[PDB]
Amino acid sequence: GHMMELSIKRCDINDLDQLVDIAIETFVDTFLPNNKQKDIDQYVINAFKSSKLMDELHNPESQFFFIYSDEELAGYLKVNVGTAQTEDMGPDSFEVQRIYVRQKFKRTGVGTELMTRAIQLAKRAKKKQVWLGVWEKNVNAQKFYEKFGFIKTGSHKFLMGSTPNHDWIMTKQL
């Protein structure tokens, strides 16, 4: 096609099947390098169940976004505010809970566009900081967030099957 620009969309319940599919695909791709598929499966079978993501799609303090590259789905983003945050960071905070780019679109600026939009949304929502959890072994993501001015401010355990994983908490104030 002739569409070089990326386009953003807010997901609705008719995107559920597509959301489930990309959520699983990108999660496995991210964690399979250093986690067993058996452990990834147990995380997926609870977090990305269709009924589970349906309720999250109905949470008005959360929002899912799809990003398209020449009319093909290239990644997705989930943000939380208020009581939808996975940690109680308070009324002035804005969580990026999920931010993923499909493999075939990596290294083409899709992730930077998603995060740039996430920060725009936080500003419009009058929030004072953006925060997120990043696996301590996902050094590429760490460097990605660091170029946006995120800084490690703590940690948080992340259970994947029977294996305890450790997320960094990274924060960008503004």
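Residue positions are given as counts along the sequence shown, with the first one as 1.
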query	finding
107 to 115 set against 26 to 34, stretch whose average Cα temperature factor tops the other in the entry	26 to 34
Stretch with the greater mean C-alpha B-factor as recorded in the entry, comparing 87 to 95 against 74 to 82	87 to 95
Residue, from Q63, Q120, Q129, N46, that the PDB entry assigns the highest Cα B-factor	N46
Ranked C-alpha temperature factor of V134 among modelled chain residues, by third	middle
Position of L174 among the chain's modelled residues by C-alpha B-factor, lowest, middle or highest third	highest
Modelled-residue ranking by C-alpha temperature factor, third containing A125	middle
Chain thirds of CA B-factor: placement of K9	middle
CA B-factor placement of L53, once the chain's modelled residues are sorted into thirds	middle
